[PDB]
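These notes are about the structure you will find just below.
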Amino acid sequence: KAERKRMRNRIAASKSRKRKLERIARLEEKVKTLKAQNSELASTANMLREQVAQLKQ
Amino acid sequence: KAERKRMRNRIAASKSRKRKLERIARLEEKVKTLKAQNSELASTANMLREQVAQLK
DNA sequence: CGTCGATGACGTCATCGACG
DNA sequence: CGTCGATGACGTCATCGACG
């Protein structure tokens, strides 16, 4: 029945808008975490140039 | 006139959806680039461990 | 071939801060 | 107070591939 088809679709649309919402938050969360990782790797590098300056003489 | 308000809001919705799309594309591209940088810095570190090894 | 759930695309409403 | 553009939340349509 048509009437009921649309009814189910209204629900489908609601979950769909919801997954997209989660997907976007996942993305922003990935960006935030990749940034912290960068900083860590960047500092670790200097922590290593440090050790390379000590062994330097 | 109520009619016209709705015509305009129709256009406005097209822009809005368009910008949300562009915004999501940005997030996706950022994830991609941050991953690349991540790699560079990771291997660079090992390059420096290599260089810290050469000092023994 | 008829149906299902997922999705992209779209128009509409409700609501917001800003403007005068 | 009316109005404006932007935008979040919806419901609807068209279309998909999968199923039987």
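Just so you know, these numbers use all the heavy atoms, side chains as well, and skip hydrogens, waters and symmetry mates. First the proteins, then the strands, lettered A, B, ... as listed; each starts at 1.
Applying the salt bridge (charged side-chain N to carboxylate O under 4.0 Å, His left out) rule to A:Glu50 yields no partners; only residues at least two apart in sequence or on another chain are considered.
The other members of the hydrophobic cluster of B:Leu34, by chain and number, are A:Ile24, A:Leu27, A:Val31, A:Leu34, B:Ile24, B:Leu27, B:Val31 (side-chain heavy atoms under 4.5 Å, ILVMFWY only).
Two residues are said to be in side-chain contact when any heavy atoms from C-beta on lie closer than 4.5 Å; B:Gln54 and B:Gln51 meet this criterion. Using a 4.5 Å heavy-atom cutoff, the side chains of B:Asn9 and B:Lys5 are not in contact. Residues A:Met7 and A:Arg4 are in side-chain contact: their nearest non-hydrogen atoms beyond the backbone lie under 4.5 Å apart. Residues A:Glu29 and A:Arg26 are not in side-chain contact: their nearest non-hydrogen atoms beyond the backbone lie 4.5 Å or more apart.
Electrostatic pairing of A:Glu28 and B:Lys30 does not count as a salt bridge here, judged by no charged N lying under 4.0 Å from a carboxylate O. Electrostatic pairing of B:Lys18 and B:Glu22 counts as a salt bridge here, judged by a charged N lying under 4.0 Å from a carboxylate O.
For DNA chain C, the stems formed by at least three consecutive Watson-Crick or G-U pairs, with both atom-pair distances below 3.5 Å, span C:1-20 with D:1-20.
Within residues 4-11 of chain A, the residues approached by DNA chain C to less than 4.0 Å at the level of any non-hydrogen atom are A:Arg8, A:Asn9, in residue-number order. Within residues 12-32 of chain A, the residues having any heavy atom closer than 4.0 Å to DNA chain D are, in order of number, A:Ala13, A:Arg17.
Interatomic distance, NZ of A:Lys35 versus OG1 of A:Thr33, reported as 11.5 Å (0.5 Å rounding).
Side-chain atoms of B:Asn46 and B:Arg49 include a donor-acceptor pair closer than 3.5 Å.
Scanning DNA chain C 5' to 3' for nucleotides with an atom closer than 4.0 angstrom to a non-hydrogen atom of chain A gives a first and last hit of C:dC4 to C:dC10.
With a 6.0 Å radius and a threshold of 12 heavy atoms from other residues, nucleotides or ligands, B:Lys1 has its NZ atom above the threshold.
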